[PDB]
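Source file: query.txt (compact mmCIF, N, CA and C atoms)
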# COMPACT_ATOMS: atom_id res chain seq x y z
N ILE A 2179 68.59 -5.13 63.53
CA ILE A 2179 68.37 -5.20 64.96
C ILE A 2179 68.54 -6.63 65.46
N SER A 2180 68.03 -7.60 64.70
CA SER A 2180 68.17 -8.99 65.09
C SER A 2180 69.63 -9.44 65.02
N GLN A 2181 70.35 -9.01 63.99
CA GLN A 2181 71.73 -9.46 63.84
C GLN A 2181 72.61 -8.91 64.96
N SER A 2182 72.51 -7.61 65.23
CA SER A 2182 73.27 -7.02 66.33
C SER A 2182 72.79 -7.56 67.67
N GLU A 2183 71.53 -7.97 67.74
CA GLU A 2183 71.03 -8.62 68.94
C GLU A 2183 71.77 -9.93 69.17
N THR A 2184 71.84 -10.77 68.14
CA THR A 2184 72.57 -12.03 68.26
C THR A 2184 74.02 -11.78 68.64
N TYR A 2185 74.63 -10.75 68.06
CA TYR A 2185 76.02 -10.45 68.39
C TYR A 2185 76.18 -10.03 69.85
N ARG A 2186 75.23 -9.26 70.38
CA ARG A 2186 75.31 -8.92 71.80
C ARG A 2186 75.09 -10.15 72.66
N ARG A 2187 74.20 -11.04 72.25
CA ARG A 2187 73.95 -12.24 73.04
C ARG A 2187 75.21 -13.09 73.14
N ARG A 2188 75.74 -13.53 71.99
CA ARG A 2188 76.97 -14.30 72.01
C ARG A 2188 78.07 -13.56 72.77
N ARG A 2189 78.13 -12.25 72.65
CA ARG A 2189 79.14 -11.53 73.40
C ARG A 2189 78.90 -11.81 74.90
N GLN A 2190 77.64 -11.82 75.33
CA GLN A 2190 77.39 -12.12 76.74
C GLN A 2190 77.87 -13.52 77.09
N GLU A 2191 77.71 -14.47 76.16
CA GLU A 2191 78.27 -15.80 76.39
C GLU A 2191 79.78 -15.73 76.63
N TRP A 2192 80.50 -15.02 75.77
CA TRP A 2192 81.94 -14.85 75.96
C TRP A 2192 82.23 -14.28 77.33
N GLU A 2193 81.52 -13.21 77.71
CA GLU A 2193 81.75 -12.59 79.01
C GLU A 2193 81.61 -13.61 80.13
N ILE A 2194 80.49 -14.34 80.15
CA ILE A 2194 80.26 -15.31 81.21
C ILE A 2194 81.36 -16.36 81.24
N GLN A 2195 81.79 -16.82 80.07
CA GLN A 2195 82.73 -17.93 80.04
C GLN A 2195 84.14 -17.48 80.44
N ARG A 2196 84.64 -16.40 79.84
CA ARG A 2196 85.89 -15.84 80.32
C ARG A 2196 85.86 -15.64 81.82
N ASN A 2197 84.82 -14.98 82.31
CA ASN A 2197 84.73 -14.72 83.74
C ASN A 2197 84.80 -16.02 84.54
N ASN A 2198 84.15 -17.07 84.03
CA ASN A 2198 84.30 -18.40 84.61
C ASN A 2198 85.77 -18.77 84.75
N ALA A 2199 86.51 -18.73 83.64
CA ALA A 2199 87.91 -19.11 83.69
C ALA A 2199 88.69 -18.25 84.67
N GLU A 2200 88.38 -16.96 84.72
CA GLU A 2200 89.08 -16.06 85.62
C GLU A 2200 88.91 -16.47 87.08
N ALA A 2201 87.65 -16.56 87.52
CA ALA A 2201 87.39 -16.97 88.89
C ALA A 2201 88.08 -18.30 89.18
N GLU A 2202 88.03 -19.22 88.22
CA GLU A 2202 88.79 -20.46 88.36
C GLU A 2202 90.24 -20.17 88.69
N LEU A 2203 90.88 -19.30 87.91
CA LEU A 2203 92.31 -19.10 88.06
C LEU A 2203 92.64 -18.52 89.43
N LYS A 2204 91.84 -17.56 89.89
CA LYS A 2204 92.12 -17.00 91.21
C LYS A 2204 91.94 -18.05 92.29
N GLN A 2205 90.95 -18.93 92.14
CA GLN A 2205 90.91 -20.12 92.98
C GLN A 2205 92.24 -20.85 92.95
N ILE A 2206 92.74 -21.16 91.76
CA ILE A 2206 94.00 -21.89 91.64
C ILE A 2206 95.07 -21.23 92.49
N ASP A 2207 95.27 -19.93 92.31
CA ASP A 2207 96.35 -19.27 93.05
C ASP A 2207 96.12 -19.37 94.55
N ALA A 2208 94.86 -19.33 94.98
CA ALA A 2208 94.57 -19.57 96.40
C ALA A 2208 95.07 -20.94 96.83
N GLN A 2209 94.81 -21.97 96.02
CA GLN A 2209 95.30 -23.29 96.37
C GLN A 2209 96.82 -23.35 96.35
N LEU A 2210 97.45 -22.50 95.54
CA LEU A 2210 98.90 -22.50 95.49
C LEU A 2210 99.50 -21.90 96.74
N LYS A 2211 98.89 -20.84 97.27
CA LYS A 2211 99.42 -20.34 98.54
C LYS A 2211 99.10 -21.31 99.67
N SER A 2212 97.99 -22.04 99.56
CA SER A 2212 97.77 -23.13 100.51
C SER A 2212 98.93 -24.12 100.47
N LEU A 2213 99.03 -24.89 99.38
CA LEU A 2213 100.05 -25.94 99.32
C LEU A 2213 101.44 -25.39 99.53
N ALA A 2214 101.63 -24.09 99.34
CA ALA A 2214 102.84 -23.46 99.85
C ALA A 2214 102.89 -23.52 101.38
N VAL A 2215 101.78 -23.19 102.04
CA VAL A 2215 101.76 -23.29 103.50
C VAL A 2215 101.94 -24.73 103.95
N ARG A 2216 101.12 -25.65 103.44
CA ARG A 2216 101.31 -27.05 103.80
C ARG A 2216 102.75 -27.48 103.60
N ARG A 2217 103.39 -27.01 102.53
CA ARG A 2217 104.82 -27.24 102.42
C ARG A 2217 105.56 -26.71 103.63
N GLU A 2218 105.23 -25.49 104.05
CA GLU A 2218 105.85 -24.90 105.23
C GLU A 2218 105.74 -25.82 106.44
N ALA A 2219 104.60 -26.48 106.60
CA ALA A 2219 104.42 -27.35 107.76
C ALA A 2219 105.12 -28.68 107.56
N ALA A 2220 105.33 -29.10 106.32
CA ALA A 2220 106.06 -30.34 106.12
C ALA A 2220 107.55 -30.14 106.29
N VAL A 2221 108.05 -28.95 105.97
CA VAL A 2221 109.44 -28.64 106.29
C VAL A 2221 109.62 -28.49 107.79
N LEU A 2222 108.68 -27.81 108.45
CA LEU A 2222 108.71 -27.82 109.91
C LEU A 2222 108.64 -29.23 110.46
N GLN A 2223 107.98 -30.13 109.74
CA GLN A 2223 108.07 -31.53 110.11
C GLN A 2223 109.49 -32.03 109.99
N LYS A 2224 110.13 -31.80 108.85
CA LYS A 2224 111.51 -32.24 108.68
C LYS A 2224 112.37 -31.77 109.83
N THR A 2225 112.30 -30.48 110.16
CA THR A 2225 113.20 -29.94 111.17
C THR A 2225 112.83 -30.43 112.56
N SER A 2226 111.54 -30.61 112.82
CA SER A 2226 111.14 -31.27 114.05
C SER A 2226 111.78 -32.64 114.16
N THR B 2034 132.79 -52.88 152.46
CA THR B 2034 132.04 -53.40 151.33
C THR B 2034 130.60 -52.94 151.38
N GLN B 2035 130.02 -52.84 152.57
CA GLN B 2035 128.68 -52.28 152.60
C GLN B 2035 128.66 -50.87 152.07
N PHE B 2036 129.62 -50.03 152.48
CA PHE B 2036 129.71 -48.71 151.87
C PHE B 2036 129.87 -48.82 150.36
N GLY B 2037 130.62 -49.80 149.90
CA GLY B 2037 130.73 -50.01 148.48
C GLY B 2037 129.40 -50.19 147.81
N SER B 2038 128.65 -51.22 148.20
CA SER B 2038 127.34 -51.48 147.61
C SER B 2038 126.46 -50.25 147.66
N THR B 2039 126.28 -49.68 148.84
CA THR B 2039 125.36 -48.56 148.92
C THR B 2039 125.80 -47.41 148.03
N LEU B 2040 127.10 -47.26 147.81
CA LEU B 2040 127.51 -46.19 146.90
C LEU B 2040 127.22 -46.55 145.46
N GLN B 2041 127.59 -47.75 145.03
CA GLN B 2041 127.21 -48.17 143.69
C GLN B 2041 125.74 -47.90 143.45
N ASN B 2042 124.91 -48.18 144.44
CA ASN B 2042 123.49 -47.94 144.27
C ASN B 2042 123.22 -46.46 144.14
N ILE B 2043 123.95 -45.64 144.90
CA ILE B 2043 123.82 -44.19 144.72
C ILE B 2043 124.12 -43.79 143.29
N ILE B 2044 125.10 -44.42 142.65
CA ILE B 2044 125.52 -43.95 141.33
C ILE B 2044 124.57 -44.44 140.25
N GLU B 2045 124.25 -45.73 140.25
CA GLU B 2045 123.21 -46.20 139.34
C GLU B 2045 122.02 -45.28 139.45
N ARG B 2046 121.60 -45.03 140.68
CA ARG B 2046 120.41 -44.24 140.90
C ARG B 2046 120.60 -42.82 140.42
N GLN B 2047 121.83 -42.31 140.49
CA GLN B 2047 122.08 -40.92 140.12
C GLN B 2047 121.94 -40.73 138.63
N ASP B 2048 122.67 -41.55 137.87
CA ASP B 2048 122.56 -41.48 136.43
C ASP B 2048 121.14 -41.76 135.98
N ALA B 2049 120.47 -42.69 136.64
CA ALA B 2049 119.07 -42.93 136.31
C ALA B 2049 118.27 -41.65 136.45
N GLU B 2050 118.49 -40.93 137.54
CA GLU B 2050 117.81 -39.66 137.72
C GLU B 2050 118.09 -38.71 136.57
N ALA B 2051 119.36 -38.39 136.36
CA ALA B 2051 119.69 -37.39 135.35
C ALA B 2051 119.17 -37.82 133.99
N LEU B 2052 119.04 -39.12 133.77
CA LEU B 2052 118.33 -39.55 132.58
C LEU B 2052 116.91 -39.06 132.60
N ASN B 2053 116.13 -39.41 133.62
CA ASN B 2053 114.74 -38.96 133.65
C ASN B 2053 114.64 -37.47 133.38
N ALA B 2054 115.47 -36.68 134.05
CA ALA B 2054 115.42 -35.24 133.84
C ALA B 2054 115.72 -34.90 132.39
N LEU B 2055 116.89 -35.31 131.90
CA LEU B 2055 117.26 -35.05 130.51
C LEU B 2055 116.15 -35.41 129.55
N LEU B 2056 115.45 -36.51 129.80
CA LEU B 2056 114.32 -36.83 128.96
C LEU B 2056 113.28 -35.74 129.01
N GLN B 2057 112.83 -35.36 130.20
CA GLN B 2057 111.75 -34.38 130.23
C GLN B 2057 112.16 -33.11 129.50
N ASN B 2058 113.40 -32.67 129.70
CA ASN B 2058 113.90 -31.52 128.97
C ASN B 2058 113.77 -31.72 127.47
N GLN B 2059 114.12 -32.91 126.98
CA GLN B 2059 113.93 -33.16 125.55
C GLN B 2059 112.46 -33.14 125.17
N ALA B 2060 111.59 -33.63 126.05
CA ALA B 2060 110.17 -33.65 125.73
C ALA B 2060 109.66 -32.25 125.48
N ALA B 2061 109.99 -31.32 126.37
CA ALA B 2061 109.69 -29.92 126.09
C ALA B 2061 110.25 -29.50 124.74
N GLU B 2062 111.57 -29.68 124.55
CA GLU B 2062 112.20 -29.19 123.33
C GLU B 2062 111.49 -29.68 122.09
N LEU B 2063 110.88 -30.86 122.13
CA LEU B 2063 110.15 -31.33 120.96
C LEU B 2063 108.75 -30.75 120.89
N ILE B 2064 108.03 -30.74 122.01
CA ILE B 2064 106.64 -30.31 121.96
C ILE B 2064 106.56 -28.87 121.50
N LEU B 2065 107.64 -28.11 121.63
CA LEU B 2065 107.68 -26.79 121.02
C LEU B 2065 107.50 -26.89 119.51
N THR B 2066 108.39 -27.62 118.84
CA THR B 2066 108.34 -27.70 117.39
C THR B 2066 107.02 -28.29 116.93
N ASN B 2067 106.59 -29.39 117.54
CA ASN B 2067 105.33 -29.98 117.14
C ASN B 2067 104.18 -29.00 117.32
N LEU B 2068 104.27 -28.16 118.35
CA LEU B 2068 103.26 -27.13 118.53
C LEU B 2068 103.25 -26.17 117.36
N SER B 2069 104.43 -25.71 116.95
CA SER B 2069 104.48 -24.76 115.85
C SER B 2069 103.91 -25.36 114.58
N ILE B 2070 104.26 -26.62 114.29
CA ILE B 2070 103.61 -27.31 113.18
C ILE B 2070 102.10 -27.17 113.29
N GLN B 2071 101.53 -27.58 114.42
CA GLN B 2071 100.08 -27.50 114.57
C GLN B 2071 99.55 -26.11 114.27
N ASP B 2072 100.27 -25.08 114.71
CA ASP B 2072 99.84 -23.74 114.36
C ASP B 2072 99.80 -23.56 112.85
N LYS B 2073 100.90 -23.87 112.17
CA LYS B 2073 100.90 -23.67 110.73
C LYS B 2073 99.81 -24.46 110.03
N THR B 2074 99.47 -25.66 110.49
CA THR B 2074 98.40 -26.35 109.80
C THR B 2074 97.06 -25.67 110.04
N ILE B 2075 96.89 -25.03 111.19
CA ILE B 2075 95.73 -24.14 111.29
C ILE B 2075 95.81 -23.07 110.21
N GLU B 2076 97.00 -22.53 109.97
CA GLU B 2076 97.12 -21.53 108.92
C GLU B 2076 96.75 -22.10 107.56
N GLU B 2077 97.03 -23.38 107.33
CA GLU B 2077 96.67 -23.98 106.06
C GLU B 2077 95.17 -24.21 105.97
N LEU B 2078 94.50 -24.30 107.12
CA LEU B 2078 93.05 -24.22 107.08
C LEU B 2078 92.57 -22.82 106.74
N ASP B 2079 93.27 -21.79 107.20
CA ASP B 2079 92.94 -20.45 106.73
C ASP B 2079 93.06 -20.37 105.21
N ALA B 2080 94.18 -20.85 104.67
CA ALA B 2080 94.39 -20.74 103.23
C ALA B 2080 93.32 -21.49 102.46
N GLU B 2081 92.98 -22.70 102.91
CA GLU B 2081 91.88 -23.40 102.26
C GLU B 2081 90.58 -22.61 102.39

Please go through the file and, once you have read it, give me the structure as structure tokens.
Amino acid sequence: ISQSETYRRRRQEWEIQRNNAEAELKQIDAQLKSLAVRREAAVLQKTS
Amino acid sequence: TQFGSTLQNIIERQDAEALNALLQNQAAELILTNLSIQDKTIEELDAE
């Protein structure tokens, strides 16, 4: 019971940490569509 | 010669006018593009 308990605990650590990285990555892609937009406005700057 | 002078003044003054007008027309033509830029940077605030 103790051994499988430890295994479930560490598994929860894995879950939390992976999930951390995931939320991070979706943040990243949000920033990528941003700097894509800011690019859009800098090209509109060029053409202006 | 008086007709001469007064006409020269008409012409200087005429081109000066069409300059002022042509400028304002350009001012509009630019404030359009600069306006669109400003819109897109609001969009980049959406993305952020």

Distance table requested - chain A against chain B, cut-off 6.5 Å, only N, CA and C atoms: one row per qualifying residue with the closest atom pair and its distance in Å to one decimal, ordered by chain and rising residue number, as a tab-separated table.
residue	atom	partner	partner_atom	distance
A:2208	C	B:2080	C	5.9
A:2211	C	B:2080	CA	5.9
A:2212	CA	B:2080	CA	5.0
A:2215	C	B:2077	CA	5.7
A:2216	N	B:2077	CA	5.4
A:2219	CA	B:2070	CA	5.5
A:2222	C	B:2070	CA	6.0
A:2223	N	B:2070	CA	6.2
A:2226	CA	B:2066	CA	5.6

Using only N, CA and C atoms, please write the residues we just selected to a file, as a short mmCIF file (atom, residue, chain, number, x, y, z; two decimals), in the coordinates of the input.
data_model
loop_
_atom_site.label_atom_id
_atom_site.label_comp_id
_atom_site.auth_asym_id
_atom_site.auth_seq_id
_atom_site.Cartn_x
_atom_site.Cartn_y
_atom_site.Cartn_z
N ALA A 2208 94.86 -19.33 94.98
CA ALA A 2208 94.57 -19.57 96.40
C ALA A 2208 95.07 -20.94 96.83
N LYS A 2211 98.89 -20.84 97.27
CA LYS A 2211 99.42 -20.34 98.54
C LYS A 2211 99.10 -21.31 99.67
N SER A 2212 97.99 -22.04 99.56
CA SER A 2212 97.77 -23.13 100.51
C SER A 2212 98.93 -24.12 100.47
N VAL A 2215 101.78 -23.19 102.04
CA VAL A 2215 101.76 -23.29 103.50
C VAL A 2215 101.94 -24.73 103.95
N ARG A 2216 101.12 -25.65 103.44
CA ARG A 2216 101.31 -27.05 103.80
C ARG A 2216 102.75 -27.48 103.60
N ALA A 2219 104.60 -26.48 106.60
CA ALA A 2219 104.42 -27.35 107.76
C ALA A 2219 105.12 -28.68 107.56
N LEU A 2222 108.68 -27.81 108.45
CA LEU A 2222 108.71 -27.82 109.91
C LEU A 2222 108.64 -29.23 110.46
N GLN A 2223 107.98 -30.13 109.74
CA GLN A 2223 108.07 -31.53 110.11
C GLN A 2223 109.49 -32.03 109.99
N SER A 2226 111.54 -30.61 112.82
CA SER A 2226 111.14 -31.27 114.05
C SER A 2226 111.78 -32.64 114.16
#

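Between atom C of residue 2186 (chain A) and CA of residue 2203 (chain A) the separation is 24.8 Å.
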
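If you look at atom N of residue 2205 (chain A) and atom N of residue 2220 (chain A), they are 22.6 Å away from each other.
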
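CA of residue 2036 (chain B) lies 19.8 Å from atom N of residue 2050 (chain B).
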
Mind rebuilding region 2046-2058 of chain B with N, CA, C and O atoms and writing that out as an mmCIF file, keeping the file's coordinate frame?
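Now in selection-v4.cif:
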data_model
loop_
_atom_site.group_PDB
_atom_site.id
_atom_site.type_symbol
_atom_site.label_atom_id
_atom_site.label_comp_id
_atom_site.auth_asym_id
_atom_site.auth_seq_id
_atom_site.Cartn_x
_atom_site.Cartn_y
_atom_site.Cartn_z
ATOM 1 N N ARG B 2046 121.600 -45.030 140.680
ATOM 2 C CA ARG B 2046 120.410 -44.240 140.900
ATOM 3 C C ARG B 2046 120.600 -42.820 140.420
ATOM 4 O O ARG B 2046 119.653 -42.175 139.955
ATOM 5 N N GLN B 2047 121.830 -42.310 140.490
ATOM 6 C CA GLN B 2047 122.080 -40.920 140.120
ATOM 7 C C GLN B 2047 121.940 -40.730 138.630
ATOM 8 O O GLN B 2047 121.213 -39.859 138.152
ATOM 9 N N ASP B 2048 122.670 -41.550 137.870
ATOM 10 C CA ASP B 2048 122.560 -41.480 136.430
ATOM 11 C C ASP B 2048 121.140 -41.760 135.980
ATOM 12 O O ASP B 2048 120.657 -41.137 135.034
ATOM 13 N N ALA B 2049 120.470 -42.690 136.640
ATOM 14 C CA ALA B 2049 119.070 -42.930 136.310
ATOM 15 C C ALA B 2049 118.270 -41.650 136.450
ATOM 16 O O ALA B 2049 117.461 -41.301 135.582
ATOM 17 N N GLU B 2050 118.490 -40.930 137.540
ATOM 18 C CA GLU B 2050 117.810 -39.660 137.720
ATOM 19 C C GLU B 2050 118.090 -38.710 136.570
ATOM 20 O O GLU B 2050 117.170 -38.259 135.879
ATOM 21 N N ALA B 2051 119.360 -38.390 136.360
ATOM 22 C CA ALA B 2051 119.690 -37.390 135.350
ATOM 23 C C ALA B 2051 119.170 -37.820 133.990
ATOM 24 O O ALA B 2051 118.883 -36.973 133.143
ATOM 25 N N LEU B 2052 119.040 -39.120 133.770
ATOM 26 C CA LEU B 2052 118.330 -39.550 132.580
ATOM 27 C C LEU B 2052 116.910 -39.060 132.600
ATOM 28 O O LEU B 2052 116.504 -38.337 131.688
ATOM 29 N N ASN B 2053 116.130 -39.410 133.620
ATOM 30 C CA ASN B 2053 114.740 -38.960 133.650
ATOM 31 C C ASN B 2053 114.640 -37.470 133.380
ATOM 32 O O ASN B 2053 113.855 -37.022 132.531
ATOM 33 N N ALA B 2054 115.470 -36.680 134.050
ATOM 34 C CA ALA B 2054 115.420 -35.240 133.840
ATOM 35 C C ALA B 2054 115.720 -34.900 132.390
ATOM 36 O O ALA B 2054 114.915 -34.258 131.700
ATOM 37 N N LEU B 2055 116.890 -35.310 131.900
ATOM 38 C CA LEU B 2055 117.260 -35.050 130.510
ATOM 39 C C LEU B 2055 116.150 -35.410 129.550
ATOM 40 O O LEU B 2055 115.912 -34.690 128.571
ATOM 41 N N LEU B 2056 115.450 -36.510 129.800
ATOM 42 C CA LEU B 2056 114.320 -36.830 128.960
ATOM 43 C C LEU B 2056 113.280 -35.740 129.010
ATOM 44 O O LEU B 2056 112.849 -35.248 127.964
ATOM 45 N N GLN B 2057 112.830 -35.360 130.200
ATOM 46 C CA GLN B 2057 111.750 -34.380 130.230
ATOM 47 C C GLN B 2057 112.160 -33.110 129.500
ATOM 48 O O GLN B 2057 111.375 -32.552 128.719
ATOM 49 N N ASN B 2058 113.400 -32.670 129.700
ATOM 50 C CA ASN B 2058 113.900 -31.520 128.970
ATOM 51 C C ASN B 2058 113.770 -31.720 127.470
ATOM 52 O O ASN B 2058 113.312 -30.819 126.753
#
